[PDB]
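Some notes on the structure that comes next.
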Amino acid sequence: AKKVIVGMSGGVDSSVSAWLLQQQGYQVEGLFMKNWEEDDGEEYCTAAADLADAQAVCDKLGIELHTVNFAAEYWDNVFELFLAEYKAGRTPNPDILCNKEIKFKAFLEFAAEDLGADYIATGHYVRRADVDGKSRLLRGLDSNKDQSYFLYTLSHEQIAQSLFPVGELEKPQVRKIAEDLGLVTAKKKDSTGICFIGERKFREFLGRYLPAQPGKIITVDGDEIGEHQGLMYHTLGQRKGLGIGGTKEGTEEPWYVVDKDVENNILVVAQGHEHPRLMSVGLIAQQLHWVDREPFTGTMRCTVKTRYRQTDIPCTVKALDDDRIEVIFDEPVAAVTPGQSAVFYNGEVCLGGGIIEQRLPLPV
RNA sequence: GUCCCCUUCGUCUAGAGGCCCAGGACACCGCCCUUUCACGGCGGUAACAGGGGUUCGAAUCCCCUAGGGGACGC
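Just so you know, full-length UniProt numbering puts the end of the first sequence at 368, numbered straight through with nothing missing.
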């Protein structure tokens with residue numbers, strides 16, 4: 005009967021997730037983090053009441069709900085670096101650190117230093133399986149819907165001390181168990197947007213943390229075409245917001261981004277969700293993390309994603325340094341964007357990924 | 001001033017008297033999808049430069065005013 009502090013978010017998942025441990029035996033207490041100081045009000049309530057939903061489930065379950073405010077560190081170790089790499093015309097995955105710096109550190113820490121427990125549990129639809137003495141990470145069932153990608157930063161240690169209940173179920177079940185128990189959360193917007201921050205519309209959110217200087221938009225044929233109004237507002241393979249409306253000698257295809265020109269403040273577009281300047285045969289990842297937490301030397305042979313919910317695309321990996329890696333896409337990959345993370349899997353297992361900083365241009 | 005061609009949704013256009021209260025594409029807007037940003041799916045809004053004629057009927061035919069052509073536009 006160990007102590008288990010589950011992160012109550014007021015989300016359908018979490019809820020079912022606690023009740024599952026509760027049943028599973030465990031002493032179950034839940035904590036609700038408040039990590040973002042909303043500027044607006046329409047935003048507050050939304051996340052304020054998101055708490056009453058959280059609590060009202062702990063009560064209907066008979067569990068104490070703990071308040072905490074890591075908002076301090078959220079900005080400190082996440083949203084800050086967030087805006088950083090963005091300013092640098094790259095696409096960062098806030099959420100990807102939202103787990104590395106908080107939900108599995110900041111939290112985990114405060115679990116025993118205060119709450120005094122010996123098992124943290126998120127509702128992350130992923131699973132944990134210990135073997136040969138090393139705690140291993142691995143995506144749950146319901147393949148389609150799964151979050152292994154967001155936790156490549158975790159280590160066996162961290163994982164081991166964590167509990168992932170629902171990752172065993174299948175999404176429809178979860179969203180139901182809750183409906184049956186009566187948990188107020190069942191029937192609630194699965195959730196979107198930066199973790200902790202609201203599902204608001206980007207352009208207005210990002211355009212409130214950085215400047216706003218227009219520019220020019222060029223075809224892949226070094227010729228004017230559109231008004232680049234802004235730049236951080238886009239990303240390789242983006243389609244919307246490029247004003248373009250086809251012209252005389254255009255395949256009617258929609259236009260997609262292909263490269264940001266940092267200094268010349270350009271916006272190299274093209275045309276066709278398959279155009280050569282939107283594919284690669286590999287890339288190079290830096291800031292690496294292996295759940296295994298073993299040093300990586302030599303050559304590997306696995307699969308790899310390059311954006312959330314992408315699709316296990318075969319690849320070969322070889323060490324290019326003590327921090328960088330050179331992977332080679334078994335087939336061209338679409339819009340490998342720099343800044344996003346690249347998680348490699350060895351099947352059921354998720355070996356952990358790393359940050360992309362270099363794609364591998366398609367041969368002419 | 002050489003007495004001939006032009007003009008369609010935001011944009012690129014379909015349209016050669018009744019089938020067009022105008023069609024597609026891209027854009028734009030929305031929903032769905034999704035704990036990043038994106039992709040994707042689905043659907044919606046939207047135009048005959050303007051005024052007269054001719055026909056049972058006109059986007060298309062004629063006429064009238066605001067944009068482009070004639071190796072001489074001395």
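No residue lacks a Cβ here, since even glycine has one placed at the ideal position from N, Cα and C.
Candidates the options: closest to residue i by CA position
{"i": "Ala338", "options": "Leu287, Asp325, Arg328 and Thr303", "result": "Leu287"}
{"i": "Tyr312", "options": "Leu366, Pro299 and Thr95", "result": "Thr95"}
{"i": "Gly249", "options": "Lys6, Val273 and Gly234", "result": "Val273"}
{"i": "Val340", "options": "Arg328, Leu366 and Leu246", "result": "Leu366"}
{"i": "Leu364", "options": "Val285, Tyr48 and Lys192", "result": "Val285"}
{"i": "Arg204", "options": "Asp44, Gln27 and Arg297", "result": "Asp44"}
{"i": "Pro98", "options": "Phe200, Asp225, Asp122 and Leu214", "result": "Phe200"}
{"i": "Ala133", "options": "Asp63, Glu172 and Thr303", "result": "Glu172"}
{"i": "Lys149", "options": "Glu361, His128 and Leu282", "result": "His128"}
{"i": "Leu69", "options": "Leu35, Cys102 and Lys244", "result": "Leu35"}
{"i": "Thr320", "options": "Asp327, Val308 and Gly202", "result": "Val308"}
{"i": "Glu298", "options": "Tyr78, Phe206, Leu355 and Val130", "result": "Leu355"}
{"i": "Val130", "options": "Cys102, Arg212 and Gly144", "result": "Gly144"}
{"i": "residue 2", "options": "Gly197, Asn103, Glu183 and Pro218", "result": "Any property of residue 2 remains undetermined from this structure, which presents the chain solely from 5 to 368."}
{"i": "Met304", "options": "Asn350, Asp325, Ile181 and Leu25", "result": "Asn350"}
{"i": "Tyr30", "options": "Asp122, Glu42 and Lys193", "result": "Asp122"}
{"i": "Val266", "options": "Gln291, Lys322 and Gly219", "result": "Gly219"}
{"i": "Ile67", "options": "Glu41, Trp79 and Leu25", "result": "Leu25"}
{"i": "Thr71", "options": "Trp259, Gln217, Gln27 and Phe114", "result": "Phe114"}
Nearest-angstrom beta carbon gap, residue j and residue i [assumed within contact, 8 angstroms]
{"i": "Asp146", "j": "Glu174", "result": "4 angstroms"}
{"i": "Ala289", "j": "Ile332", "result": "About 12 angstroms separates the two Cβ atoms, so there is no contact after all."}
{"i": "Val16", "j": "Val32", "result": "Going by Cβ atoms, the distance from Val16 to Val32 rounds to 17 angstroms, so no, they are not a contact pair."}
{"i": "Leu155", "j": "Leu142", "result": "Incorrect: roughly 10 angstroms between the Cβ atoms, too far for contact."}
{"i": "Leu271", "j": "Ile222", "result": "7 angstroms"}
{"i": "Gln275", "j": "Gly254", "result": "7 angstroms"}
{"i": "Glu47", "j": "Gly202", "result": "5 angstroms"}
{"i": "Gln344", "j": "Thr315", "result": "No, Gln344 and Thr315 are not in contact; Cβ-Cβ is about 15 angstroms, not under 8 angstroms."}
{"i": "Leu158", "j": "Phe108", "result": "6 angstroms"}
{"i": "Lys138", "j": "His160", "result": "5 angstroms"}
Simplified DSSP assignment, three categories, for residue i
{"i": "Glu117", "result": "coil"}
{"i": "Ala51", "result": "helix"}
{"i": "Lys175", "result": "helix"}
{"i": "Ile248", "result": "coil"}
{"i": "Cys102", "result": "helix"}
{"i": "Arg313", "result": "coil"}
{"i": "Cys354", "result": "strand"}
{"i": "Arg207", "result": "helix"}
{"i": "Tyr349", "result": "strand"}
{"i": "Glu330", "result": "strand"}
{"i": "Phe74", "result": "coil"}
{"i": "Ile201", "result": "coil"}
{"i": "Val188", "result": "coil"}
Test item: CB-CB of residue i and residue j under 8 angstroms
{"i": "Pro169", "j": "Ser21", "result": "yes"}
{"i": "residue 3", "j": "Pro318", "result": "Past the boundaries of the shown model lies residue 3; the chain is included only from 5 to 368, so the question cannot be answered."}
{"i": "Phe111", "j": "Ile124", "result": "yes"}
{"i": "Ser152", "j": "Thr126", "result": "no"}
{"i": "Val61", "j": "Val188", "result": "yes"}
{"i": "residue 371", "j": "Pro342", "result": "With the chain covering only 5 through 368, there is no way to say anything about residue 371."}
{"i": "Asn39", "j": "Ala5", "result": "no"}
{"i": "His232", "j": "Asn269", "result": "yes"}
{"i": "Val261", "j": "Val224", "result": "no"}
{"i": "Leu246", "j": "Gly230", "result": "yes"}
{"i": "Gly357", "j": "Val368", "result": "no"}
{"i": "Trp23", "j": "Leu185", "result": "yes"}
{"i": "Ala164", "j": "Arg179", "result": "no"}
{"i": "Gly14", "j": "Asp57", "result": "yes"}
Any non-hydrogen atom of the ligand GTP within 7 angstroms of residue i CB
{"i": "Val178", "result": "Absence of the ligand GTP from the depicted structure is noted, as is the absence of any ligand whatsoever, leaving it without description."}
*Three or more C-beta pairs below 8 angstroms linking the region 87-94 and the region 230-238*: Output reads yes: the region 230-238 touches the region 87-94.
*Below 8 angstroms, can you find three or more Cβ-Cβ pairs linking the region 47-54 to the region 67-86?*
No, the region 47-54 is not in contact with the region 67-86.
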